[PDB]
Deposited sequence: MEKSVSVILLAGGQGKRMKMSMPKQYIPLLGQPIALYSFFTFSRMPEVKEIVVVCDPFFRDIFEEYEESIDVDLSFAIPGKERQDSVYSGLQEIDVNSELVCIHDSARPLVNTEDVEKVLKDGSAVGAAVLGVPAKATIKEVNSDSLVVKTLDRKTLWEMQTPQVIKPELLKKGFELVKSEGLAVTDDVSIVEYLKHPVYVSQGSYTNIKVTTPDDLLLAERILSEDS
């Protein structure tokens, strides 16, 4: 209990558009707040939108903190990381554009993060996805490989994430997707099987789909 620090990434933005009267960002916010494992939520957002979360501070059973967003997603993660409780055993990074994450799936990725050191929610990729080289040719592999689409939460022990940022900074390495920093480390990353309902709200068509799932 109260071992986990959540970093909620929320930096006309899509994550503040209402679903059934509630801004998208508040759905995951409340899901995390109800979990006894969660001690605190560090919301990374433009100071303009702080009131959206601040309104519920005494109602929720977590500490609320804020951090300023950065230029890219990993900079926002780093900013949030500076505000967590010094004794938190686990950091739980979530895209606020994913409002429909199930408590049960958060529980799973928290467990796996604790066990392995780093874990992320994923689902099997349904489409035919292939590696393509610089001459636009399919890179053929009869060595079979199952591909998974990553979601959030991404759950990691704070010291491991900090070492990841330190390595990328010191050596000046390229950050290209949402698990690139840990990919440079030798520490394993577990993929916790999530739900296809945990969609990211990018456009008004997702905005619509999110609302159906809520029904």
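In this entry, the deposited residues absent from the coordinate set span 1, 13-21, 226-228.
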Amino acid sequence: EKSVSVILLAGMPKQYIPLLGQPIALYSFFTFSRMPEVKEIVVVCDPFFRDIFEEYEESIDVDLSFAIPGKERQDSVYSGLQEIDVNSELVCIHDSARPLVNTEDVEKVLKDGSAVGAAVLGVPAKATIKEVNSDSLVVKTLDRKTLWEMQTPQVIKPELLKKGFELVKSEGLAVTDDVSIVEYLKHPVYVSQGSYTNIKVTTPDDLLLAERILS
From here on, numbers count along this sequence of modelled residues.
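For the two regions 92-100 and 130-138, the entry's Cα B-factors average higher over 130-138. In this entry, the higher average B-factor at the C-alpha atoms falls on 55-63, of the pair 157-165 and 55-63. Ranked against the other modelled residues of its chain, the C-alpha B-factor of residue 185 as given in the entry falls in the middle third. When the modelled residues of the chain are ordered by C-alpha B-factor, residue 175 sits in the highest third. In the deposited entry, the Cα temperature factor of residue 192 places it in the lowest third of its chain's modelled residues. In the deposited entry, the Cα temperature factor of residue 46 places it in the highest third of its chain's modelled residues. When the modelled residues of the chain are ordered by C-alpha B-factor, residue 74 sits in the middle third.
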